[PDB]
A.B. asks: 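Supplied in structure tokens, the structure appears directly below.
Note that ligands are numbered from 1 as they come in the structure, with each ligand's atoms numbered from 1 the same way. Below, each value reflects all heavy atoms present in this structure, side chains not excepted, and no hydrogens, waters or symmetry copies. Along the sequence shown, residues are numbered consecutively beginning with 1.
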Amino acid sequence: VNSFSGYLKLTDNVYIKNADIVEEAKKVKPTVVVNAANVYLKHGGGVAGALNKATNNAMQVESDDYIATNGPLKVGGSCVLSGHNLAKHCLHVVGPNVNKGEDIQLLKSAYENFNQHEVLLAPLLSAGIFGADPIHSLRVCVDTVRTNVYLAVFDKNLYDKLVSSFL
Ligand SMILES: O=C(O)[C@@H](O)[C@@H]1CCCN(c2ncnc3[nH]c4cc(F)ccc4c23)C1
């Protein structure tokens, strides 16, 4: 039993809710919140910009130190950093950004990072400003992630769609 509330169950291990991940996160304090990061951990907009804003820019300060030490992530890769006031940990995962021409096959590799964590609150990778089809993204998520994932979808219209077209 865990503290996540109001989700619809898609599979044994995938759940989904119309929610703001920032507000979903501040209430649950999940062990892991996933950020839809870029390779530079520059959290300017989308989920990343919102999450970072909710940390009063502490996420960005920590991220800049990480990059200064380690260099950029790989597309499809991830790193674990602090969750600040939102979660114990933040798993920064780089999905491919279609608006940069990145290969969509890397979306499966991106979701594989979720399997290193027993339970996660997460957005749909490569959705939103990253330009992928959130329905394809949901399919890859369901077919790749084996751990327990709670998907927060900000847009009510999108959500209702994803549900109605799910197989
Ligand atoms: O649409 C984008 O560009 C992306 O970021 C994707 C797709 C939809 C939005 N996004 C989220 N997914 C789940 N919760 C969210 N809360 C937010 C608050 C914001 F100010 C901006 C985006 C989100 C957000 C992931």
A.B. asks: Below 4.0 angstrom from a heavy atom of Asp20, which ligand 1 atoms are there? Numbered from 1 as shown, please.
C.D. replies: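 Counting from 1, the qualifying ligand atoms are 16 (N).
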A.B. asks: Decide yes or no on side chain to side chain donor-acceptor pair (under 3.5 Å) for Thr144 and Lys108, but give the supporting numbers first.
C.D. replies: CA-CA 7 Å; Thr144 304; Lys108 187 171 182 75; 2.9 Å; yes
A.B. asks: What's the shortest distance from atom 15 (C) of ligand 1 to any protein heavy atom, and which residue and atom give it?
C.D. replies: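 Result for atom 15 (C) of ligand 1: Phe154 CB, 3.5 Å.
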A.B. asks: Looking only at heavy atoms, is any part of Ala152 under 4.0 Å from ligand 1, and if so is it the side chain, the backbone, or both, or is it neither?
C.D. replies: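 Looking at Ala152 and ligand 1, just backbone atoms fall under 4.0 Å.
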A.B. asks: Which is closest to atom 8 (C) of ligand 1 in terms of heavy atoms, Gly131, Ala48, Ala19, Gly128?
C.D. replies: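 Heavy atom nearest to atom 8 (C) of ligand 1 belongs to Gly128.
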A.B. asks: Without swapping roles, check the side chain of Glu62 against the backbone of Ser82 for a donor-acceptor pair under 3.5 Å.
C.D. replies: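 Confirmed, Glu62 side chain pairs with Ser82 backbone.
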A.B. asks: For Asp160, enumerate each residue passing the salt bridge (charged side-chain N to carboxylate O under 4.0 Å, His left out) test, keeping only those at least two apart in sequence or located in another chain.
C.D. replies: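 Expected list: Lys156.
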A.B. asks: Who passes side chain to side chain contact (heavy atoms under 4.5 Å, CB included) against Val163, sequence neighbours left out?
C.D. replies: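 Testing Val163 for side chain to side chain contact (heavy atoms under 4.5 Å, CB included), a comparison that skips the adjacent residues, returns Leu8, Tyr159.
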A.B. asks: Run the numbers on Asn57 and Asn52 for side chain to side chain donor-acceptor pair (under 3.5 Å), then give the verdict.
C.D. replies: CA-CA 5 Å; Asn57 210 51; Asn52 176 58; 2.8 Å; yes
A.B. asks: Is any N or O atom of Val47, backbone or side chain, closer than 3.5 Å to an N or O atom of ligand 1?
C.D. replies: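 Checking ligand 1 against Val47, an N or O pair does fall under 3.5 Å apart.
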A.B. asks: Which atoms of ligand 1 have any heavy atom of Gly46 under 4.0 Å away?
C.D. replies: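 In order of number, 5 (O), 19 (C), 21 (C), 22 (C).
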A.B. asks: Mark up the atoms of ligand 1 that fall under 4.0 Å of a heavy atom belonging to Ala50, in ascending order.
C.D. replies: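 Answer, ordered by atom number: 18 (C), 19 (C), 20 (F).
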A.B. asks: Once you measure the plane-to-plane angle for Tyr7 and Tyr150, does it fall in the parallel (<30°), tilted (30-60°) or perpendicular (>60°) bin?
C.D. replies: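 Ring orientation of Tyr7 relative to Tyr150: perpendicular.
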A.B. asks: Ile129 heavy atoms, cut-off 4.0 Å: which ligand 1 atoms fall inside?
C.D. replies: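 Counting atoms of ligand 1 from 1, those under 4.0 Å from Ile129 are 1 (O), 2 (C), 3 (O), 4 (C).
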